[PDB]
Every structure is written in C-alpha cells, then in structure tokens.
Amino acid sequence: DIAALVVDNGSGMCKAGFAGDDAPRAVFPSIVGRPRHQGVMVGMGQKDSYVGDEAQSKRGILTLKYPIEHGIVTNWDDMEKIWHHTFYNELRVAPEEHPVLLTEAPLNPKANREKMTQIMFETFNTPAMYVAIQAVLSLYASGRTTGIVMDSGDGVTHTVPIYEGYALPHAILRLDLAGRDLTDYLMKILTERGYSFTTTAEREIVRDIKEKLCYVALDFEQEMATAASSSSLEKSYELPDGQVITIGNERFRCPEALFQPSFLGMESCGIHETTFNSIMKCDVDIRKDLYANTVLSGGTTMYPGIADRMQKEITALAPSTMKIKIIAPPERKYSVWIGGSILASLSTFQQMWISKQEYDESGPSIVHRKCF
Amino acid sequence: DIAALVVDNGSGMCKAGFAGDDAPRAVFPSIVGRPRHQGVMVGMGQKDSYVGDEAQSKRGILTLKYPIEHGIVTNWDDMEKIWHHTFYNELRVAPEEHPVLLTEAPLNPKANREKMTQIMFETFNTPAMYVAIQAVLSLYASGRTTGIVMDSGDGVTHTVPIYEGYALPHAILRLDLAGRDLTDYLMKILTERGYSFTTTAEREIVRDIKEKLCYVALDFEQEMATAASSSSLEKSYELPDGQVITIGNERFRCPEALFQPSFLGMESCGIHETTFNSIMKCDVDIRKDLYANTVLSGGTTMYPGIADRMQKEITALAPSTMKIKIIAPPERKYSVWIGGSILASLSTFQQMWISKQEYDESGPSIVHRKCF
Amino acid sequence: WXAXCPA
Amino acid sequence: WXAXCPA
Amino acid sequence: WXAXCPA
Amino acid sequence: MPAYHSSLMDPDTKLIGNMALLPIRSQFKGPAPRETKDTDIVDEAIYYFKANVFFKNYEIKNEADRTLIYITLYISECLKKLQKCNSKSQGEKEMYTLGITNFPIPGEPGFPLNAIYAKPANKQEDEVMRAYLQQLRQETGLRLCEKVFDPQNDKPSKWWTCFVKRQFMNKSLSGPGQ
Ligand SMILES: Nc1ncnc2c1ncn2[C@@H]1O[C@H](COP(=O)(O)OP(=O)(O)O)[C@@H](O)[C@H]1O
Ligand SMILES: Nc1ncnc2c1ncn2[C@@H]1O[C@H](COP(=O)(O)OP(=O)(O)O)[C@@H](O)[C@H]1O
Ligand SMILES: [Mg+2]
Ligand SMILES: [Mg+2]
C-alpha cells in the first residue's frame, strides 16, 4: 500500500489530508492576502502574500482574493501559492513522493483540469495524480452505489445521478449558485436594516453571520408573516470590534435564494427543482430508486432545516406514491473529501493513476483519456 | 562602527544624542534669545545672541523667540543657529562624521522637509540623513509592533495608528492644540487672580508654574464644585524674585482645555475624541488591538491623571465590550528620542539612509521618496 | 450607518 | 468563464 | 502656516 | 566520479567549531582574516556551484569542504530572492538585507546538517561563528549580484535563475521547501 494525499481544494475552503483517515488533516479558507498599506516598522519581518488562516487573521490590512471562482481557477499564481502552502506548511510533506487525488466539479472547461495537471506535474513533480468528480466521491462517502448526489459547495452546485455504478452523464445538472452568491445577497439585504459591509475584509464577517445565524424556513410565506408580526426571530451578533447587530427577517431570506433564484435576478430554477429535473431526465425504471437515495453534501447544505425543506419540496413534485428520502448525514460538509480517502485507499485505484512517466510523453492532454 | 546622531528637534525643547544610548545627551529649550538693550560696560563680553540654556539663564535682558511653532519651522536663521549649537557646543562632534535622524510631525508643509534636508546636506555636509515621524518612533520605543500612538508635544498633537507595522496614513489625525496654547491659556486665566504676565521672559515662569502645579481632573465639574466649596486645592508658587502666588482653581482648568478646546475658542474636538475618531477611521478588524494598545507620549502628556481621564473618556465612547488600556511609560517625555536610537541602531536600517550621492543626483526632493 | 461606515 | 458569467 | 493659522 | 571539493585547506588554517575559518577578500566586518591571493573560498564556491548542484553524493573530506557546503547552500537562497528583482541596484539591496537576516547555525533547529556539523562549545565560539557566517553571507551575496545580472538588459539572466529548483543534495538553509 501507498499513502496518497487527498486534496479536495474546492472553491471556498481547501481541505487536504491523507488517504485512509476519516477527516481532512488541514482545512483552511482558500484566500490570498496582499498588504494595501506602506510598511513603516522595519526589522519586524514582512511578507508580500499571506495564505490561508494567516491571511484570515490579518484580514484588517489585506485584500483577500479568492483564486477559485464558481469552481474555476481564475488566477493560477495564487492557486500555486495555495497548493504550496497546503503541501509544505499544512501537511508538511514532500509532494514529490506521494500521489495526489484532486477534485473538479462536472461540466467545467477542459483547460482547467489541463492546467491543473500541468501544474501538479511540472511544479511539484508529483509522481502520479488523478482528477475525480466531486459528487462521485460524495457518493463513495455515503457507502452506496445508487442515488443522486446533490453537492452544493461554496461556488458551484451540481447534481449527479448514478445507478448501480453506471453514472448517467446526460442528466448531470450544474448550477452556478452557492455560498458566495448567498453571502453577496446577504451583504445586499443587510443594508435595508442599516448595516453596510462593503470591503472584502468584511465579507468574511458576513459569511460568519450567515453560517452562524441563517437557516432555511420550511414554509417561506408563513415564516415571513411570523417574523414580520413579532420580534421572536431576531438574533444578535457581535462584530469583532464590540458592535452588536440584530437581524430578523434576513435570517431565512439569505438561504431562501437557493430555492428561488429570482431574488438574485437569475432565471434558473431552484435547487429542489434542479434535483427533480435531473431525476426526471433519467430513464423511467430507475427513478424510484433515485427518489429514495437523494444525498446532500457541501457546506452550503448545512443550513438548519434544509433536509426537511428539500423533502417537502420534492414530495410536491413527485408522484404521490414515491417515497422521498433525503439522506443528509451530519458530516455532509467533509463528504466530498471523505469519499476521496475511500477511493485513493482502494487496491485497483493504483491502476488508475496518471504516472509522471505517462505525462512526460503525452503532455497535459492525457487527463482527458485517463480521467472522466 | 561609527555612532549616528539622533536629534529629536521638537518645537519647545530640542533633544539630541547618539544612536544606541538609552537617554538623550543634550536636552535644552529650543529658544533663541537676543538682547533688547545696549551694553554700557566694556570687557564683560557682548554677544549677538544666546541659544538654549544660556538664553534661559539670561532671560531677563533678552527677548526670546521660538524658531519652531506648531511643529513648523518659521524662522530658518534661528533654526540653523539651534542646529549649530547642537552639533558644536552641546554634542561636541562634527556633523561630517555621523548620519542624522531628524524627526518631524505628520501632515507638515513638504517645504519644511525639503529645507531641512537641504540645510543638513549643504550647510553641515553630513554623510547621510533620515526624517522620521515622531509617533512611529514612539511606537518603536514602546517595544510594540501594533497600537495607536497619541503624541502631544509643545507645539503640535497627532494620533497615528499602526497595525502589524502597516501604518494607515488615511486615519492619521493632527490637532494643533498643544502645550504652548495651554501656556497662553494659563497666562490668560491667571488674570482673574490678578497676576499679570505679559513679557516673553515671564512666559517661561508661567510654563514652569504649569508643569509643576497643573493636573488633569478626573471629573471636571466635580473638581470645579470642590474648589468652589473649599480652599484645599490651592498651591503656592515662589516667583524667582521673591514673591508668592496662590492658585487653586486654574490648576486643572488649564489642562482641561485639551479635552474641551472651546475654552480656547477652537471648534475641534478634544484629544480623547480625536483618538476615538482616529480609531474609528481604521478597519473594523483592527479596532480591538488599537483599543488595547493605546500609547501616550510627548511632554504634554505628563500631567497627573491624564491617563485615567483619557481611559474614562474613551471607555465612555467605545462599546462596553471592548477593553481599553492607556500605556503610559514614565519616560514618555523622551520616548520619541528613544525610538530614534532604536531606529538608527538597527542593522536592517543602513539601506534607508539618504546618501549624499542620492541627494546630489536627485535634489532635495528625494526626501519625499526615501522617507515615509 | 449603524454598523460599518458612520451614517 | 470566458463567455457568459465571469470566471 | 501660510494660509490658515500663523506658522 | 566525485563532486568538486575545495582545495584551500592548509595545516595552519584555524577552525571555528569544525569549519575552516578561511580568509576572505571582502569589505564587510567579520572575524575572518583578509586575503591577498586572487581566490578566496567564496569565489571558489561560486565557481563550483553550477556543477555541484547536479551531483547527489558529497563526501565531507575536511573543514574547508564544510565551509564550501555552507556557501553552496546559501547561493541557492540568494538565487531565490534575486529571481524576483528587476534591477541590479535592487538586487544589491536585497542581498544586503538577506545577509543581515540571521540564518540558523550548527546545533540549532532548522539547520539542515546538525549531524555533520560540530556546534559551538561555549558562548565566545558561538559569537565568532555567527559573525563569520554573517560575513560569508554578505560577501557571497555581493559577489553573486554581479554574476546573476547581465548588463545587456540589467535583469536576472535565465542562465542563473534556472538553478532555483536545483538544491545542493536537496538541503537548504531555509525551511523544507518553503
Ligand atoms: N454549518 C453551516 N451552517 C450554515 N452555513 C454553512 C455551514 N457551514 C458552511 N456554511 C456556508 O456554506 C458556504 C460554502 O460551503 P463550503 O463547504 O465552504 O463549500 P466547499 O465545500 O466548496 O468549500 C460557506 O461560505 C459557509 O459560510
Ligand atoms: N511635567 C509636565 N507637565 C506638564 N507639561 C509638561 C511637563 N513637562 C513638560 N511639559 C510640556 O511639554 C511641552 C514640550 O515637551 P516635548 O515633548 O519636548 O515637546 P516638543 O517635542 O514639541 O519639544 C512643553 O510645552 C512643556 O510645557
Ligand atoms: Mg464541495
Ligand atoms: Mg515632540
């Protein structure tokens, strides 16, 4: 057996570890900081780019930039910085001795995975790598070979239906709507109360407010009429400088955008209707088995009371005789990584690597042949 | 290695010494005295003008002018004379063998810096020189690498925040209320008691009265009511001619003007509101450390009870959750100069000196590039 | 404003 | 992205 | 100063 | 075939720890004597660097070899910082402020070769070794800033910044790959 690094490195937060464990060894936000003021105190040591948790702690004087947006790498230098910090600082392991199992969302541009392979082979000199689809790993982590995975990360949402292992590639529905859009929408709607977060350092504060207070309402209109007729839903959060703010109606208005993107000015259907459409695109003989094996993942599906909402919404769209099960495990946020460690620890997986030798003779165009 | 000269050169008093020590070598009132009478006896010595301690010694037959006012040099001949007396008489060292680290308050006319470096390079022919902000030097001397420095010298007051060594020039605040204005206010309020000080010679007497008997009231109106109720705050000062005066109510009415400039007919806010506005102009993620690391300096912050008064005021202004601390080292009167030494003694500083070559190449306008 | 910026 | 959406 | 205030 | 070792060890050469305190032709302060011959240990190290990085076995024969090993390890740190610059007048400042930066010495965490380097025995030897290594660093950076930068475009020539990935026996004075 061999130890193979599993680096999820989805948008939002990079989670890297070793294959064979039950939790990623190092999880840190994938951001890169740059100082935006003069240095005046010489002799204390300075750096020109902070990465990960260090960039988060010093966010007061930095311009946080995400290298990945909507599941696509848009700045490769910062991506290389993130990978270097993951390899040599978080895991503290030599990357030229271990295989690497990276993940990519479905229906992304091929140049993305091509440049990913080129970077991982020509910069870090990994002896072998493999680019897997996130939802397939999420299904691995759930310990079943049939079901529709509904993975809603921080920058992209997508559903993949699989039956007996034979994934249907013609019913994979992708939707560029995830935690970052919800964070921006919360930043927008927080003004009407009276609070204004406008700089990229305060977007982190808004994200913390979202992931600590926001939740999904089972019946949107009833909850609106309730929180608009009584002060029993307002919650108070303390900013990092002593100020306290109180949010009421906004609490469930942020995640509700997932179920009706008309708030964000988008035309696409909600995530529930997206999952239902993905199911309905499959053949008629497997739908009943998909309905009872719906799986959630990603940290955007960690909103309190989203499983019940998804069940109540799909049950309204599916025939009255199909049983709808929303298999949402309480370890959903790390599921995409957990399935990876399961995969990279298998025996036959050693025959699915992209060996460094195989790349040295064929360039980056080999990932489209060795990895679907 | 050769020592480096550190000349604080603040308005009011000039502190000069060698880089590396723990205290200034020569400290003398930065005044220039010229006689206003004609000598009638020959052979006792008649000099055109005295400078420094000699002027204070013979203040009777002299008129005293300050070269620096509100941190700005307004008379360059007397300033060159001060620097000459500093180099040749007070330090007993030539300028052509030592770099010079001058200090100057922020938000000054750039012509001041230009003429300073021009005089230091063309007249004295120094090998190199540097110009530093006084608050940054105070922060150096305080051993910290983060915090807000509230400096209040004889001529100018300024607050400068720094976080992790990154000064924020967009939140640096300058207020022209300082020691000399308080001395004039004392000369004005002493009239009610009947004591009339008009000449520039007696202004030094008034200054000594101030810095020996004044003290900051923790609660102003309560101290006023107390002084009105009983005579238990009155103190007696012994004039240098043999008279005695009693002051009980002006002792705190003089420094109180720092917190209520309306006494002097100014519209600006007090020093506590100035520091609070300086803090609130910084980003929300760094205000806590600025609250917990407030640092005082300068001579005008040597009044008894100023630290407690500022702490109470800022605590009344800041949110109740934040923790406030007013670091007031007992050597703050010289703190700025201390930092100067700590700046020039570093081994990572010998690249930031303005070399004579650079000056000859780029004119006096180089100080705006090679200095912050 | 109440939080963020002054107004 | 290159066309449609930013990325 | 030159304009505003003396210095 | 063996790598390129230094041929400057002399029976009267003094030792610091177990490194030959070899004289150096420089202007910076330090405890090493001044050199009159046209080749010191730093010139020899810069001469042998480009070839010593490809070898993968290096037998320490004397103490001059340990000094040359240190300087070969430090040229790899100078190259990392010179790769980013774009003007020799900035490369010189970068090399000065790097030579000033204190690197680990034998017998401290972070030094890659504690096993094969005798740490100082007392405080005086510690101070002398610190000063000697600092002088070596400063002069090596000074000499290398004139090799890396070619006068045709006054920016780091690609014939020297291609050795940034090449590590001398995969060791380095900085962190493990950082
Ligand atoms: N327990 C939670 N409750 C509510 N929201 C959460 C929770 N955990 C994460 N989120 C939000 O979901 C967003 C995206 O999830 P994330 O797991 O970061 O995506 P990815 O897996 O691609 O990194 C985050 O910005 C976060 O604010
Ligand atoms: N013990 C004291 N109490 C109050 N004020 C003082 C005291 N000592 C000095 N001062 C005042 O400090 C002012 C100048 O001090 P200093 O910090 O040297 O300022 P500058 O740097 O402008 O010369 C003078 O106006 C003097 O009156
Ligand atoms: Mg995910
Ligand atoms: Mg001063």
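- Its PDB header attributes the entry to cryo-EM and lists the resolution as 3.3 Å.

1. Here's the deal with the interface of chain A and chain C
Frequently, the measure chosen for interface size is the accessible area removed from exposure when the parts meet.
Line of reasoning, step 1. In this complex, chain A contributes eight residues to the contact, which on the side of chain C involves five residues.
Line of reasoning, step 2. The residue makeup of the side of chain A that touches chain C, split by class, is three nonpolar, four polar and one charged.

2. Notes on the site of ligand 1
All names here are of chain A.
Line of reasoning, step 1. Neighbouring ligand 1 are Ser11, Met13, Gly153, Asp154, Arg207, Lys210, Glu211, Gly299, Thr300, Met302, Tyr303 and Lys333.
Line of reasoning, step 2. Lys210 places a side-chain nitrogen or oxygen 3.3 Å from an oxygen atom of ligand 1.
Line of reasoning, step 3. Here ligand 1, which alone exposes 560 Å², has 88% of that area covered by the protein.
Line of reasoning, step 4. Its residues assigned to classes, the shell around ligand 1 comprises three nonpolar, four polar and five charged.
Line of reasoning, step 5. Shared between two domains, the shell around ligand 1 holds at least three residues of each, these being domain 2 (135-176 + 270-335) and domain 3 (177-268).

3. Examining empty space enclosed by the protein
All names here are of chain B.
Line of reasoning, step 1. Of the voids in this model, the largest cavity is the one considered here, and its volume is about 80 Å³.
Line of reasoning, step 2. Taken together, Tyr66, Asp154, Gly179, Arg180, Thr183, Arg203, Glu204, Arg207 and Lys210 make up the full set of residues lining the largest cavity.
Line of reasoning, step 3. Elements with a contribution of two residues or more to the lining of the largest cavity: α5 (179-193) and α6 (202-213).
Line of reasoning, step 4. Counting residues per element, the lining of the largest cavity draws most heavily on α6, which supplies four residues.

4. Quick word on the layout of surface pockets
Line of reasoning, step 1. Considering only enclosed or pocket space, the second largest pocket measures out at about 940 Å³ in volume.
Line of reasoning, step 2. For the second largest pocket, the lining is made up of 32 residues, of which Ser347(B), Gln350(B), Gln351(B), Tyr96(F) and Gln138(F) are closest to its centre.
Line of reasoning, step 3. Of all elements in the fold, only α3 (88-100) and α4 (123-148) of chain F reach the threshold of two or more residues within the lining of the second largest pocket.
Line of reasoning, step 4. Among the elements that make up the lining of the second largest pocket, the one with the highest residue count is α4(F) (six residues).

5. Considering the domain arrangement of chain A
Residue and element names in this part refer to chain A.
Line of reasoning, step 1. Along its sequence, chain A is organised into domain 1 (3-134 + 336-372), domain 2 (135-176 + 270-335) and domain 3 (177-268).
Line of reasoning, step 2. Relative to domain 2, the C-alpha centre of domain 1 lies at a distance of 27 Å.
Line of reasoning, step 3. Regarding the contact of domain 1 and domain 2, the summed buried area is about 1,800 Å², with carbon and sulfur atoms giving 66% of it.
Line of reasoning, step 4. At the surface where domain 1 touches domain 2, the tally comes to 15 residue pairs in polar contact.
Line of reasoning, step 5. In terms of residue class, the side of domain 1 that touches domain 2 is made up of twelve nonpolar, nine polar and one charged.

6. Comments concerning the arrangement of the chains
Line of reasoning, step 1. Contacts are most numerous between chains A and B, taken over all six pairs of chains that touch.
Line of reasoning, step 2. Where chain A comes nearest to chain E, the C-alpha atoms are still 27 Å apart, and the two do not contact one another.
Line of reasoning, step 3. The two units chain E and chain F are non-contacting; their minimal C-alpha-C-alpha distance is 38 Å.

Here is what the cut-offs are and how they apply
- Residues numbered from 1 in each chain as written, not as in the entry; some residues may be left out.
- Chains lettered and ligands numbered in written order.
- Part of a larger assembly, values for the part shown.
- Heavy atoms only, no water.
- Residues with missing side-chain atoms left out of burial classes, pairs and counts.
- Contact = heavy atoms within 4.5 Å.
- Nonpolar A, V, L, I, M, F, W, Y, C, P; charged D, E, K, R; others polar.
- Near = heavy atom within 4 Å.
- Polar contact = N/O pair within 3.5 Å; in protein donor to acceptor, adjacent residues only side chain to side chain.
- Areas by Shrake-Rupley, 256 points an atom, 1.4 Å probe, with all protein chains shown as cover.
- Domains from an automatic or database assignment.
- 1 Å grid on protein atoms, 1.4 Å probe; cavity = no way out; pocket = protein on both sides within 12 Å on 5 of 7 lines; lining within 4 Å.
- Points joined across faces, edges and corners; volume = space filled by probe spheres on them.
- Helix = DSSP H or I, 4+ residues; strand = E, 2+ residues; numbered from the N terminus.
- Buried area = accessible area lost by both parts, 1.4 Å probe.

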